[PDB]
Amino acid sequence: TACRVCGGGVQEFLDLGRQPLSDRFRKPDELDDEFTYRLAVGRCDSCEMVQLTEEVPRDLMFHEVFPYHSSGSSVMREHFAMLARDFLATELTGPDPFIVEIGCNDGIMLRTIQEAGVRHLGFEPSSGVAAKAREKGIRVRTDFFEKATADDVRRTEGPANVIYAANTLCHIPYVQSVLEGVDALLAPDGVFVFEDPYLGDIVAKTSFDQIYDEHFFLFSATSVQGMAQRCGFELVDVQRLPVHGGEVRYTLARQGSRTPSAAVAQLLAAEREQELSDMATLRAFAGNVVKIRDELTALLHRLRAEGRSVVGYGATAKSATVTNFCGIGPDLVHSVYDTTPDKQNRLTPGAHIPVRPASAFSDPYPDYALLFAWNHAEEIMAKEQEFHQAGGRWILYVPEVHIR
């Protein structure tokens, strides 16, 4: 397998087996045929980039029925509004500033830009969520960001002061074409800013459910610094974020155009000191993955033997990896509750557990809820105090299998 960043050799450390598309939710009547692929992860020999060993073609994941609605979380709505206000106070202060977002989804970040009257453009090749952004008055192009479409936007709209991508850069194997696009489009003094699940968090929390079709790369500061450098950019800031199980926001500028924050060198030194991307650490993570599988299925089977009911909460893309690697289906977890209309009255991929509206998670409550949306624990548990007061308990499997 050749590294998608630098062409070095990729060495596998974890094999999650055959997996379905994480975001495809079938009607119960649909034939049980699904596209599958081998999900496994390795680390490049030369640049330390951790990445999957099989690419799922983009069109199979992102398209008119891609289901994820960013705005379905109040935490994430606030998180992106604040980001947007931060950009409007700093990088977008010129005359006629321009910001491009890669992956704007339903307009969770760009609405704030639009409301500020700032010129902007979102790339959103999944047309269903693209439409929701256009309804809020956001300018959206229903296309993938890549070298050529970036060219097209530079030609017609001029340079962007800011190009931003959240939970999207790590989804793109063709990151070199994206970087070529960023080079063509970004102002000489602008910044390309992206935030994605952080390898450090994944390793410390054993959060293997962060590994699935749409997550091609598990970025670290070490590997991003390398990938930037090789394309003529430089990692000039890093910021850790608690969202989505733990992320880093990376800020790239043209090389030497700005001085790197002390936070960059410090995070690098921490990564180096903790041997984050050494093959041995990544293998130890893989070993911990198997322990979590074993403990979780032992728990679920015990619950069933003791006549306790178990449902799941959150029909996450992440959960596809849990249910398929661990072999958890409707016999162990009878339903999954979720707020996304187009995931309701469907079956989860691979495991085929029925998905029901969260409004259906109500008295009489099940004994246990397996919390797939564990990155949303605070927000969800706050809305579900009655469940816990009634005696229902949460099953978590990050960072360890435990009930509370």
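One rule holds for the numbers: they count along the sequence shown, beginning at 1.
J.: Do the CA atoms of 333-341 or those of 27-35 have the higher mean B-factor in the entry?
T.: Per the PDB entry, the higher value belongs to 27-35.
J.: Quick one: say whether 188-196 or 95-103 has the higher mean Cα B-factor in the deposited entry.
T.: Higher mean C-alpha B-factor: 95-103.
J.: Tell me, please, which of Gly314, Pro173, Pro242, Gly158 has the highest C-alpha B factor according to the deposited entry?
T.: Highest C-alpha B-factor among the listed residues goes to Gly158.
J.: Per the PDB entry, which option out of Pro57, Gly350, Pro354, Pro364 has the greatest Cα B factor?
T.: Among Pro57, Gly350, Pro354, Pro364, the PDB entry lists the largest C-alpha B-factor for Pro364.
J.: For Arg85, does the deposited CA B-factor place it in the lowest, middle or highest third of the chain?
T.: Highest third.
J.: Per the entry's values, where does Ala262 land by CA temperature factor relative to the rest of its chain, in the lowest, middle or highest third?
T.: Tercile = highest for this residue's CA B-factor.
J.: Per the entry's values, where does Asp209 land by CA temperature factor relative to the rest of its chain, in the lowest, middle or highest third?
T.: For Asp209, the deposited C-alpha B-factor lands in the lowest third.
J.: Report the third (lowest, middle or highest) to which the CA temperature factor of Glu146 belongs, ranking only the modelled residues of the same chain.
T.: Ranked within chain, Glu146 CA B lands in the middle tercile.
J.: Can you tell me whether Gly246 has a C-alpha B-factor in the lowest, middle or highest third compared with the other modelled residues of the same chain?
T.: Lowest third - that is where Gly246 ends up once the chain's C-alpha B-factors are sorted.
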